Amino acid sequence: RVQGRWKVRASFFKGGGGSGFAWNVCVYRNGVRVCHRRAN
């Protein structure tokens, strides 16, 4: 169990690293192409 439960390491994000692929993810929502870019 993570003692820092309320901390959440996934909320820190020290970076992506050397690799930088898939900036935008294009999905299809009922025929609509939606390219979401999730970045922190």
In region 23-40, the residues that are surrounded by fewer than 10 Cβ atoms within 10 Å (Cβ to Cβ) and assigned to a loop (DSSP other than H, G, I, E, B):
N30, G31, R37, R38, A39, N40
Six or more apart or on different chains, Cβ under 7 Å: which pairs go from a residue in region 2-13 that's at positive phi to one that's in a loop (DSSP other than H, G, I, E, B)? Could you list them?
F13/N40
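Hey, among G16, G20, which residue is surrounded by 10 or more Cβ atoms within 10 Å (Cβ to Cβ) and either under 17 Å from the mean Cα position of the chain (by Cα) or not in a loop (DSSP other than H, G, I, E, B) (or both)?
Details: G20 fails: surrounded by 10 or more Cβ atoms within 10 Å (Cβ to Cβ).
Of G16, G20, the one residue that is surrounded by 10 or more Cβ atoms within 10 Å (Cβ to Cβ) and either under 17 Å from the mean Cα position of the chain (by Cα) or not in a loop (DSSP other than H, G, I, E, B) (or both) is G16.
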Answer yes if at least one residue in region 18-34 is touching a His at 6+ places or on another chain (Cβ under 8 Å), at negative phi and either in contact (Cβ under 8 Å) with a residue 12 or more places away in the chain or among the polar types (S, T, N, Q) (or both), and no otherwise.
yes
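Every number here is computed from the coordinates shown, using simple stated rules; none is lab data. So basically every Cβ, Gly included, is an ideal-geometry build from the backbone, and we count neighbours across all protein chains shown.
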